[PDB]
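We begin with a single chain expressed as C-alpha cells, specifically the form deposited in one PDB entry.
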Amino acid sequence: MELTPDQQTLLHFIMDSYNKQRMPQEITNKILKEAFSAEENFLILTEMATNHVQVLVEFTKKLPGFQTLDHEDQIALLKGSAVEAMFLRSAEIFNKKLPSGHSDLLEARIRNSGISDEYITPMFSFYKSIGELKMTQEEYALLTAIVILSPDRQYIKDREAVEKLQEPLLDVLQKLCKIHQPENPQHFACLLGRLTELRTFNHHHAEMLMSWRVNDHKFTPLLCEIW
C-alpha cells in the first residue's frame, strides 16, 4: 500500500514549510556564552519563545487550505495552538536538532531560570515520552499540522471548515503508520496519546503565567498580553 497522488502532494506541502524552520545561530551562541544567572537564563527562554511564535505563523500560513479560512478563525487557531506547538517543536529541538552538549546546557539553563519545578518536570517527562516513539520528520510535521488545525479551539465561528482541513491530515498520518510500521498496529494510537498529553500543558502554562502577575523579573508583556 501507498499514499495516493493527492496525499503525496498534501504531505509534500507540509514537509516543505516544516523543513524551512531553523533555530537561529545567535540563540545557540547565547546558550553557550551567557551568564548562568536566573535573569540571563530567562532572557534566553524569552528569545526562544518569540522565535517559536514567528516560526509557527510562517509554517501555519503555508498549510494547505489555511489561508482559505475566515481571517478571525485563522487568529483563533494560532492563539489556541501556540502553546501545544511550542512543546512539540521544543521536543524535536532537544531530542534531534541540538547536540548532546548544547541540550545539556539548555536543560541546565531551563532548570535555573527561576521557573518552579511544577512547570519544568512535566516538560522533560514529555520530551522522554516523545523520544521513546522514535518519531520521523513526517510524523513531527503532520502532528504539528493536526495540533494547529484543531476544530475544537475556543472562539472559532466555522468549525466545519477546519474539520475539512484536519481530517485529510489524520488519514495521511494513519496511512504512514500502516506503511512504515505494519508489525505495530498500535503505532497510530501512540501518536494520538501525544495529542492528549499536549493538551494538559495549556492549563499548566496558563497557571504558570497567572502566577507571574505579581513578579517583576518573569513578567514579559509581549507574550503575557496574548497568552
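The numbering used is simple: start at 1 and walk along the sequence shown. Note that the rigid core is defined as the largest set of C-alphas that superpose within 1.5 Å between two forms.
In what follows, reference is made to the form deposited in another entry, a form of this protein that is not presented.
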Next on the checklist: Quick check on the comparison between the shown form and the other one: with the core aligned, only one of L78, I115, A85, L143 should show a Cα shift of at least 2 Å. Which one is it?
Outcome noted: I115
Checklist entry - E34: with the rigid core matched between the shown form and the other one, does its Cα shift 2 Å or more? => result yes
Next on the checklist: Once both forms sit on the same rigid core, is the C-alpha displacement of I130 at or above 2 Å between the shown form and the other one?
Outcome noted: no
Checklist entry - Relative to the superposed rigid core, does the CA atom of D216 travel 2 Å or more between the shown form and the other one? => result yes
Checklist entry - Shorter or longer C-alpha distance for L98 and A82 in that other deposited form, given it differs from this form by 3 Å or more? => result farther
Checklist entry - With a C-alpha distance change of 3 Å or more, do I27 and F87 lie closer or farther in that other deposited form? => result closer
